[PDB]
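Working notes, beginning with the structure itself.
Each chain gets a letter, A, B and so on, in the order its sequence line appears, and its residues count up from 1. Side-chain atoms are counted along with the backbone in the values below, which use heavy atoms only and exclude waters and symmetry mates.
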Amino acid sequence: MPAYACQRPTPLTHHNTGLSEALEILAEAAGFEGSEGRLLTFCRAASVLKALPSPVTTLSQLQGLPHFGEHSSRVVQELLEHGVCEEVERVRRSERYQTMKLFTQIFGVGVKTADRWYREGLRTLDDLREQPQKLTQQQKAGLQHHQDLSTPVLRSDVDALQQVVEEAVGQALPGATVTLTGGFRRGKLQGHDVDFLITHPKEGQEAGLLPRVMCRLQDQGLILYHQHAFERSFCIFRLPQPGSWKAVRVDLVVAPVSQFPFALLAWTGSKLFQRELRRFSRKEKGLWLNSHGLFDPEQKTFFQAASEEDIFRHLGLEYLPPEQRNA
DNA sequence: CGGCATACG
DNA sequence: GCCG
Ligand SMILES: O=c1ccn([C@@H]2O[C@H](COP(=O)(O)OP(=O)(O)OP(=O)(O)O)[C@@H](O)[C@H]2O)c(=O)[nH]1
Ligand SMILES: [Mg+2]
Ligand SMILES: [Mg+2]
Ligand code: NA
(Lines give C-alpha, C1' and ligand atoms only; values in the text may rest on other atoms or scores of the structure.)
(Ligands and ions follow the chains in the order given, each with its own letter.)
Protein backbone atom coordinates (compact mmCIF):
# COMPACT_ATOMS: atom_id res chain seq x y z
CA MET A 1 0.00 0.00 0.00
CA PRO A 2 1.75 3.19 -1.17
CA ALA A 3 1.66 6.25 1.05
CA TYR A 4 0.09 8.75 -1.40
CA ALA A 5 -3.51 8.39 -2.58
CA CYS A 6 -2.50 9.20 -6.18
CA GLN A 7 -0.39 6.02 -6.27
CA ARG A 8 -3.28 3.59 -5.87
CA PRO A 9 -6.74 3.16 -7.36
CA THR A 10 -9.62 4.21 -5.14
CA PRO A 11 -13.08 3.20 -6.39
CA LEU A 12 -16.28 4.99 -5.49
CA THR A 13 -17.75 2.01 -3.63
CA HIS A 14 -15.58 -0.30 -1.58
CA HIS A 15 -15.40 -2.87 1.23
CA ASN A 16 -14.79 -0.79 4.37
CA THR A 17 -17.59 1.79 4.23
CA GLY A 18 -18.41 1.86 7.95
CA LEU A 19 -14.81 2.20 9.03
CA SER A 20 -14.03 4.93 6.50
CA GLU A 21 -17.14 6.91 7.50
CA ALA A 22 -16.08 6.89 11.16
CA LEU A 23 -12.62 8.18 10.38
CA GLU A 24 -14.11 10.87 8.15
CA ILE A 25 -16.24 12.11 11.07
CA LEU A 26 -13.05 12.64 13.07
CA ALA A 27 -11.44 14.34 10.08
CA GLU A 28 -14.41 16.71 9.70
CA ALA A 29 -14.33 17.48 13.44
CA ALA A 30 -10.59 18.16 13.30
CA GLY A 31 -11.20 20.70 10.54
CA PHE A 32 -13.88 22.44 12.60
CA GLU A 33 -11.26 22.88 15.33
CA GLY A 34 -8.72 24.32 12.88
CA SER A 35 -6.36 21.33 12.79
CA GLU A 36 -5.61 20.82 9.10
CA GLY A 37 -2.94 18.25 9.91
CA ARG A 38 -5.22 15.99 11.92
CA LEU A 39 -7.93 16.38 9.25
CA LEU A 40 -5.45 15.21 6.61
CA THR A 41 -4.27 12.18 8.57
CA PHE A 42 -7.81 10.98 9.29
CA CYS A 43 -8.83 11.58 5.65
CA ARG A 44 -5.76 9.71 4.42
CA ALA A 45 -6.42 6.75 6.77
CA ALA A 46 -10.01 6.61 5.57
CA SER A 47 -8.81 6.64 1.97
CA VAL A 48 -6.42 3.74 2.63
CA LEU A 49 -9.41 1.66 3.72
CA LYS A 50 -11.28 2.62 0.56
CA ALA A 51 -8.35 1.25 -1.48
CA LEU A 52 -8.26 -2.19 0.19
CA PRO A 53 -9.47 -5.22 -1.80
CA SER A 54 -11.61 -6.72 1.00
CA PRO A 55 -13.04 -5.89 4.45
CA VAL A 56 -10.84 -5.34 7.46
CA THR A 57 -11.96 -7.94 10.02
CA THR A 58 -9.03 -7.98 12.48
CA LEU A 59 -6.73 -5.35 13.91
CA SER A 60 -3.67 -7.23 12.63
CA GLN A 61 -4.71 -6.31 9.07
CA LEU A 62 -3.80 -2.68 9.80
CA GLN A 63 -0.17 -3.57 10.51
CA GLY A 64 2.04 -1.79 8.02
CA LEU A 65 -0.74 0.22 6.40
CA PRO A 66 0.21 3.88 5.96
CA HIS A 67 -1.53 6.51 8.12
CA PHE A 68 -2.62 4.03 10.81
CA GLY A 69 -0.98 4.83 14.11
CA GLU A 70 -2.24 4.61 17.64
CA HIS A 71 -5.32 6.82 17.25
CA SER A 72 -6.80 5.67 13.94
CA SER A 73 -6.02 2.04 14.86
CA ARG A 74 -7.89 2.40 18.16
CA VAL A 75 -10.93 3.77 16.33
CA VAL A 76 -10.97 0.76 14.00
CA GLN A 77 -10.36 -1.58 16.94
CA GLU A 78 -13.42 -0.29 18.80
CA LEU A 79 -15.62 -0.50 15.70
CA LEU A 80 -14.50 -4.09 15.08
CA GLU A 81 -15.01 -5.10 18.74
CA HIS A 82 -18.21 -3.20 19.64
CA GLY A 83 -19.73 -1.84 16.41
CA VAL A 84 -19.31 1.72 17.69
CA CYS A 85 -16.45 4.04 18.63
CA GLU A 86 -17.19 6.16 21.68
CA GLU A 87 -15.07 9.09 20.48
CA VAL A 88 -16.94 9.17 17.16
CA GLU A 89 -20.35 9.00 18.83
CA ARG A 90 -19.38 11.80 21.24
CA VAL A 91 -18.42 13.97 18.26
CA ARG A 92 -21.64 13.08 16.40
CA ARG A 93 -23.99 14.25 19.13
CA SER A 94 -21.98 17.31 20.19
CA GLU A 95 -23.55 20.73 19.76
CA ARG A 96 -20.31 22.09 18.36
CA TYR A 97 -20.08 19.48 15.60
CA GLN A 98 -23.76 19.61 14.70
CA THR A 99 -23.86 23.42 14.49
CA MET A 100 -20.55 23.77 12.66
CA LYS A 101 -21.73 21.18 10.14
CA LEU A 102 -25.04 23.04 9.72
CA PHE A 103 -23.38 26.44 9.25
CA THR A 104 -20.50 25.38 6.98
CA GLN A 105 -22.98 23.51 4.77
CA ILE A 106 -24.30 26.95 3.76
CA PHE A 107 -22.99 28.29 0.46
CA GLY A 108 -20.93 31.34 1.47
CA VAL A 109 -20.16 30.21 5.04
CA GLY A 110 -16.82 28.57 5.83
CA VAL A 111 -15.22 27.31 9.03
CA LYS A 112 -14.11 30.76 10.19
CA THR A 113 -17.51 32.40 9.74
CA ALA A 114 -19.30 29.42 11.30
CA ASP A 115 -16.96 29.44 14.28
CA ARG A 116 -17.52 33.15 14.92
CA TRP A 117 -21.31 32.69 14.82
CA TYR A 118 -21.02 29.69 17.14
CA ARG A 119 -19.05 31.73 19.68
CA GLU A 120 -21.65 34.51 19.45
CA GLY A 121 -24.28 31.97 20.54
CA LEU A 122 -25.97 31.24 17.21
CA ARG A 123 -27.17 27.67 16.71
CA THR A 124 -29.91 27.45 14.04
CA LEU A 125 -30.65 28.69 10.55
CA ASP A 126 -33.52 30.75 11.93
CA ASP A 127 -31.00 32.34 14.32
CA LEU A 128 -29.14 33.57 11.21
CA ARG A 129 -32.29 34.67 9.38
CA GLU A 130 -33.30 36.85 12.36
CA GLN A 131 -30.12 38.97 11.97
CA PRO A 132 -29.81 39.29 8.19
CA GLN A 133 -27.78 42.49 8.53
CA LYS A 134 -24.77 40.33 9.40
CA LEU A 135 -24.99 38.32 6.15
CA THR A 136 -23.26 38.86 2.84
CA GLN A 137 -25.39 38.74 -0.30
CA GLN A 138 -23.77 35.37 -1.05
CA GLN A 139 -24.71 34.07 2.40
CA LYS A 140 -28.23 35.47 2.01
CA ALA A 141 -28.60 33.46 -1.20
CA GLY A 142 -27.14 30.34 0.41
CA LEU A 143 -29.55 30.69 3.33
CA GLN A 144 -32.62 31.44 1.17
CA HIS A 145 -31.89 28.40 -1.00
CA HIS A 146 -30.52 26.16 1.79
CA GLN A 147 -33.36 23.64 1.65
CA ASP A 148 -33.08 22.98 -2.11
CA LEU A 149 -29.29 22.97 -1.90
CA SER A 150 -29.50 20.31 0.82
CA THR A 151 -31.26 17.95 -1.64
CA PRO A 152 -28.82 15.77 -3.63
CA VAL A 153 -28.42 16.59 -7.30
CA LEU A 154 -29.21 13.48 -9.35
CA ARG A 155 -27.34 12.26 -12.41
CA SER A 156 -30.69 12.62 -14.16
CA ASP A 157 -30.57 16.37 -13.36
CA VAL A 158 -27.10 16.73 -14.87
CA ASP A 159 -28.05 15.95 -18.47
CA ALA A 160 -30.75 18.64 -18.52
CA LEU A 161 -28.38 21.27 -17.12
CA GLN A 162 -25.53 20.45 -19.47
CA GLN A 163 -27.86 21.05 -22.42
CA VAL A 164 -28.86 24.54 -21.25
CA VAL A 165 -25.22 25.43 -20.50
CA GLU A 166 -24.19 24.20 -23.96
CA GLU A 167 -26.87 26.35 -25.60
CA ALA A 168 -25.64 29.50 -23.88
CA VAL A 169 -22.00 28.59 -24.53
CA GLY A 170 -22.75 28.02 -28.23
CA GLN A 171 -24.24 31.51 -28.63
CA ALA A 172 -21.47 33.13 -26.63
CA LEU A 173 -18.75 31.46 -28.70
CA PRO A 174 -19.50 28.96 -31.47
CA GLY A 175 -17.25 25.92 -31.25
CA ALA A 176 -16.73 26.13 -27.49
CA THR A 177 -17.21 22.89 -25.59
CA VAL A 178 -18.63 21.92 -22.21
CA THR A 179 -17.16 19.01 -20.22
CA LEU A 180 -18.68 17.49 -17.06
CA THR A 181 -16.13 17.38 -14.24
CA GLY A 182 -16.20 16.99 -10.44
CA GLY A 183 -17.84 14.07 -8.73
CA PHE A 184 -20.16 13.12 -11.58
CA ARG A 185 -17.14 12.55 -13.83
CA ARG A 186 -15.80 10.16 -11.15
CA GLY A 187 -19.01 8.13 -11.41
CA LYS A 188 -21.02 9.54 -8.51
CA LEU A 189 -24.77 9.07 -8.77
CA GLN A 190 -25.52 12.18 -6.68
CA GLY A 191 -23.77 15.42 -5.83
CA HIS A 192 -23.97 18.71 -3.98
CA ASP A 193 -23.51 20.61 -7.24
CA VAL A 194 -22.68 20.17 -10.93
CA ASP A 195 -19.18 21.11 -12.12
CA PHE A 196 -18.43 22.06 -15.75
CA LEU A 197 -15.25 22.95 -17.63
CA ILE A 198 -15.48 25.08 -20.79
CA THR A 199 -12.82 25.59 -23.48
CA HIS A 200 -12.44 26.25 -27.22
CA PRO A 201 -10.16 24.39 -29.68
CA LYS A 202 -8.43 27.59 -30.91
CA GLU A 203 -6.04 28.94 -28.28
CA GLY A 204 -7.05 32.40 -27.15
CA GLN A 205 -10.66 32.29 -28.33
CA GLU A 206 -11.83 31.50 -24.79
CA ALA A 207 -10.70 34.90 -23.48
CA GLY A 208 -13.68 36.87 -22.20
CA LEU A 209 -16.03 33.92 -22.54
CA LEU A 210 -17.50 33.43 -19.10
CA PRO A 211 -19.16 36.87 -18.79
CA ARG A 212 -20.80 36.27 -22.14
CA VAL A 213 -22.05 32.86 -20.96
CA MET A 214 -23.38 34.20 -17.66
CA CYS A 215 -25.17 37.13 -19.32
CA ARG A 216 -26.94 34.72 -21.67
CA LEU A 217 -27.99 32.36 -18.88
CA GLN A 218 -29.23 35.30 -16.80
CA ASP A 219 -31.29 36.59 -19.76
CA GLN A 220 -32.94 33.16 -20.03
CA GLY A 221 -34.10 33.45 -16.39
CA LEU A 222 -32.03 30.46 -15.29
CA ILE A 223 -29.74 32.16 -12.78
CA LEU A 224 -31.02 32.55 -9.25
CA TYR A 225 -27.66 33.77 -7.93
CA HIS A 226 -24.26 34.60 -9.31
CA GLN A 227 -21.40 36.87 -8.30
CA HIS A 228 -21.89 39.41 -11.12
CA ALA A 229 -13.46 39.73 -16.38
CA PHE A 230 -13.54 36.33 -14.72
CA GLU A 231 -13.02 32.65 -15.48
CA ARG A 232 -14.76 30.82 -12.60
CA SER A 233 -18.37 31.23 -11.55
CA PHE A 234 -20.06 29.59 -8.55
CA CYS A 235 -23.78 30.01 -9.19
CA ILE A 236 -27.25 28.87 -8.22
CA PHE A 237 -29.35 27.73 -11.20
CA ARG A 238 -33.09 27.22 -11.63
CA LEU A 239 -33.63 23.61 -12.71
CA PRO A 240 -37.05 22.41 -13.97
CA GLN A 241 -39.04 19.84 -12.01
CA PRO A 242 -42.53 18.39 -12.46
CA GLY A 243 -44.83 21.41 -12.20
CA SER A 244 -42.14 23.51 -10.57
CA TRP A 245 -38.36 23.84 -10.24
CA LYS A 246 -35.54 23.60 -7.71
CA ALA A 247 -32.37 25.54 -7.02
CA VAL A 248 -29.11 23.73 -7.91
CA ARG A 249 -25.50 24.76 -7.39
CA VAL A 250 -23.54 24.90 -10.65
CA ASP A 251 -19.84 25.72 -11.10
CA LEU A 252 -18.43 26.93 -14.43
CA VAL A 253 -14.71 27.16 -15.19
CA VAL A 254 -13.11 28.37 -18.43
CA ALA A 255 -9.61 27.26 -19.45
CA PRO A 256 -7.47 27.73 -22.56
CA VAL A 257 -7.13 24.52 -24.55
CA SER A 258 -3.35 24.49 -23.87
CA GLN A 259 -4.17 24.11 -20.15
CA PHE A 260 -7.24 21.93 -20.55
CA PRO A 261 -5.60 18.64 -19.38
CA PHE A 262 -4.42 20.34 -16.20
CA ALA A 263 -7.80 21.95 -15.58
CA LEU A 264 -9.65 18.71 -16.27
CA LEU A 265 -7.37 16.90 -13.81
CA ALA A 266 -7.69 19.63 -11.18
CA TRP A 267 -11.48 19.92 -11.27
CA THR A 268 -12.23 16.17 -11.56
CA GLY A 269 -10.90 15.54 -8.07
CA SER A 270 -11.47 14.10 -5.63
CA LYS A 271 -10.38 16.92 -3.34
CA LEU A 272 -8.11 14.59 -1.37
CA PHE A 273 -6.80 13.03 -4.58
CA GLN A 274 -5.71 16.43 -5.91
CA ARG A 275 -4.10 17.50 -2.63
CA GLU A 276 -2.19 14.21 -2.57
CA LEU A 277 -1.16 14.50 -6.23
CA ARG A 278 0.07 18.07 -5.72
CA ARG A 279 1.95 17.01 -2.57
CA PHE A 280 3.48 14.05 -4.45
CA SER A 281 4.52 16.26 -7.36
CA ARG A 282 6.29 18.80 -5.15
CA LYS A 283 7.80 16.53 -2.50
CA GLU A 284 8.74 13.46 -4.57
CA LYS A 285 9.36 14.95 -8.04
CA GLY A 286 10.25 18.58 -7.30
CA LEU A 287 7.55 19.83 -9.70
CA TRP A 288 4.76 22.31 -8.93
CA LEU A 289 1.28 21.22 -10.08
CA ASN A 290 -1.84 23.39 -10.33
CA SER A 291 -4.89 23.75 -12.56
CA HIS A 292 -2.87 25.69 -15.15
CA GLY A 293 0.23 23.54 -15.60
CA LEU A 294 3.18 21.62 -14.19
CA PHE A 295 6.25 23.72 -13.44
CA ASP A 296 9.90 22.67 -13.11
CA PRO A 297 11.36 25.38 -10.83
CA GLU A 298 14.95 24.37 -11.68
CA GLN A 299 14.67 24.64 -15.49
CA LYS A 300 11.96 27.32 -15.11
CA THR A 301 9.87 25.50 -17.71
CA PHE A 302 6.25 24.28 -17.98
CA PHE A 303 5.41 20.76 -19.19
CA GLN A 304 3.19 20.72 -22.28
CA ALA A 305 0.53 18.09 -21.77
CA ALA A 306 -2.01 17.01 -24.36
CA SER A 307 -3.94 14.66 -22.04
CA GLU A 308 -4.34 13.63 -18.42
CA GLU A 309 -2.38 10.51 -19.42
CA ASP A 310 0.54 12.81 -20.31
CA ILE A 311 0.46 14.33 -16.83
CA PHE A 312 0.48 10.99 -14.98
CA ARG A 313 3.37 9.85 -17.20
CA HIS A 314 5.39 13.01 -16.48
CA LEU A 315 5.00 12.40 -12.73
CA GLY A 316 6.00 8.75 -13.06
CA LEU A 317 2.57 7.50 -11.96
CA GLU A 318 0.37 4.79 -13.41
CA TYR A 319 -2.69 6.34 -15.05
CA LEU A 320 -5.91 6.32 -13.02
CA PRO A 321 -9.22 6.96 -14.76
CA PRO A 322 -11.57 9.34 -12.95
CA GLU A 323 -13.58 6.47 -11.43
CA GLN A 324 -10.40 5.40 -9.57
CA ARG A 325 -9.65 8.88 -8.15
CA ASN A 326 -12.28 8.64 -5.37
CA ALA A 327 -9.75 9.10 -2.59
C1' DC B 1 11.29 18.32 14.19
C1' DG B 2 8.66 20.37 9.59
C1' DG B 3 5.14 19.63 6.72
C1' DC B 4 0.47 19.16 5.48
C1' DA B 5 -2.65 21.96 -2.20
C1' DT B 6 -4.10 25.40 -4.78
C1' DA B 7 -5.65 29.97 -7.18
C1' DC B 8 -9.44 32.72 -8.47
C1' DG B 9 -14.05 35.82 -6.92
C1' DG C 1 -2.15 12.52 13.47
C1' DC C 2 1.03 10.69 11.09
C1' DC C 3 5.42 10.34 7.74
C1' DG C 4 10.03 10.82 6.69
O1 LIG D 1 -11.20 22.34 -1.66
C2 LIG D 1 -11.40 21.97 -2.82
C3 LIG D 1 -12.69 21.81 -3.43
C4 LIG D 1 -12.76 21.37 -4.69
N5 LIG D 1 -11.66 21.07 -5.45
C6 LIG D 1 -11.75 20.55 -6.83
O7 LIG D 1 -13.01 20.89 -7.37
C8 LIG D 1 -13.76 19.68 -7.70
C9 LIG D 1 -15.22 19.95 -7.46
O10 LIG D 1 -15.45 20.26 -6.08
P11 LIG D 1 -16.87 19.96 -5.41
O12 LIG D 1 -16.88 20.63 -4.05
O13 LIG D 1 -17.93 20.29 -6.43
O14 LIG D 1 -16.82 18.39 -5.05
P15 LIG D 1 -17.18 17.05 -5.86
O16 LIG D 1 -17.75 17.42 -7.19
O17 LIG D 1 -15.93 16.23 -5.92
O18 LIG D 1 -18.28 16.37 -4.92
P19 LIG D 1 -19.78 16.90 -4.69
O20 LIG D 1 -19.79 17.20 -3.19
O21 LIG D 1 -19.95 18.15 -5.52
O22 LIG D 1 -20.67 15.74 -4.99
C23 LIG D 1 -13.16 18.65 -6.76
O24 LIG D 1 -13.42 17.32 -7.20
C25 LIG D 1 -11.69 19.01 -6.83
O26 LIG D 1 -11.18 18.56 -8.08
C27 LIG D 1 -10.39 21.17 -4.93
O28 LIG D 1 -9.40 20.90 -5.59
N29 LIG D 1 -10.33 21.64 -3.63
MG1 LIG E 1 -19.22 18.89 -7.37
MG1 LIG F 1 -18.35 22.44 -7.38
NA1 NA G 1 -19.88 26.57 3.07
Item to complete: Output yes when at least one side-chain N/O atom of A:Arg282 is less than 4.0 Å from OP1 or OP2 of B:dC4, else no.
Response: no
Practice prompt. Assign A:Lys271 to base, sugar-phosphate, or nothing according to its heavy-atom contacts below 4.0 angstrom with the strands shown.
Written response: base
Worksheet item: Closer to the 5' end of DNA chain C via nearest nucleotide, is it A:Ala3 or A:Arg44?
Response: A:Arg44
Item to complete: Could you check whether the rings of A:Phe303 and A:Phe262 sit parallel, tilted or perpendicular, using 30° and 60° as the cut-offs?
Response: perpendicular
Worksheet item: According to a strict under-4.0 Å criterion, is A:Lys283 in side-chain N/O contact with OP1 or OP2 of B:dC4?
Response: yes
Worksheet, complete the sentence: From CG of A:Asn290 across to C1' of B:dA5 the rounded distance in Å is 10 Å
Discussion item. Does A:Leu39 reach a base, just sugar-phosphate, or nothing at all? Heavy atoms under 4.0 Å.
Written reply: nothing
Fill in: Between B:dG9 (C1') and A:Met214 (CE): distance, integer Å
12 Å
Worksheet item: Given that A:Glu36 and A:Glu284 both sit by DNA chain C, which one's nearest nucleotide is further toward the 5' end?
Response: A:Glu36
Discussion item. Using heavy-atom distances to pick each residue's nearest nucleotide on DNA chain B, tell me which of A:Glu231 and A:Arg279 is more 5'.
Written reply: A:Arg279
Worksheet item: Closest to the A:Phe230 side chain: B:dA5, B:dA7, B:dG9?
Response: B:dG9
Discussion item. Is the terminal nitrogen or CZ of A:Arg123 (NZ for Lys, CZ for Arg) located under 6.0 angstrom from the six-membered ring centre of A:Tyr118 and within 45° of that ring's axis?
Written reply: yes
Discussion item. At 4.0 Å (heavy atoms only), tell me whether A:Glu276 reaches a base, stays on the sugar-phosphate, or touches nothing.
Written reply: nothing
Item to complete: Report yes if at least one side-chain N or O of A:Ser233 is closer than 4.0 Å to OP1 or OP2 of B:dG9; otherwise report no.
Response: no
Worksheet entry | Spacing of A:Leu39 atom CG and A:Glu28 atom CD [to the nearest 0.5 Å] | 9.0 Å
Practice prompt. Fit a plane to each ring of A:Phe230 and A:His228, take the angle between them on a 0 to 90° scale, and name the class: parallel (under 30°), tilted (30 to 60°) or perpendicular (over 60°).
Written response: parallel
Practice prompt. Check whether any side-chain N or O of A:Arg275 sits under 4.0 Å from OP1 or OP2 of B:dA5, and answer yes or no.
Written response: yes
Item to complete: Can you tell me, in whole Å, how much space there is between the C1' of C:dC2 and that of B:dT6?
Response: 22 Å
Worksheet, complete the sentence: Separation of B:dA7 atom P from A:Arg232 atom CZ, nearest Å, is 9 Å
Discussion item. What is the distance, to the nearest angstrom, from the CD1 atom on A:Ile198 to the P atom on B:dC8?
Written reply: 17 Å
Worksheet item: Is there a side-chain polar atom (N or O) of A:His226 under 4.0 Å from OP1 or OP2 of B:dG9?
Response: no
Practice prompt. Using whole Å, report how far CG of A:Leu294 lies from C1' of B:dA5.
Written response: 14 Å
Fill in: Distance test, side-chain N/O of A:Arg38 to OP1/OP2 of C:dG1, below 4.0 Å
yes
Discussion item. Taking atom CD as the centre, does A:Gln147 end up with more than 12 heavy-atom neighbours from other residues, nucleotides or ligands that are less than 6.0 angstrom away?
Written reply: no
Discussion item. With a 6.0 Å cut-off on the ring centroids, do A:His71 and A:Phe42 count as close?
Written reply: yes
Practice prompt. Measure the distance from CG on A:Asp251 to P on B:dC8 and round it to the nearest whole Å.
Written response: 16 Å
Worksheet, complete the sentence: Separation of B:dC4 atom P from A:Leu277 atom CG, nearest Å, is 15 Å
Item to complete: Report yes if at least one side-chain N or O of A:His67 is closer than 4.0 Å to OP1 or OP2 of C:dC2; otherwise report no.
Response: no
Worksheet entry | A:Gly37 vs A:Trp267, nearer the 5' end of DNA chain B by closest nucleotide | A:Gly37
Practice prompt. Mind calculating the distance between CD (A:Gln259) and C1' (B:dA7) to the nearest angstrom?
Written response: 12 Å
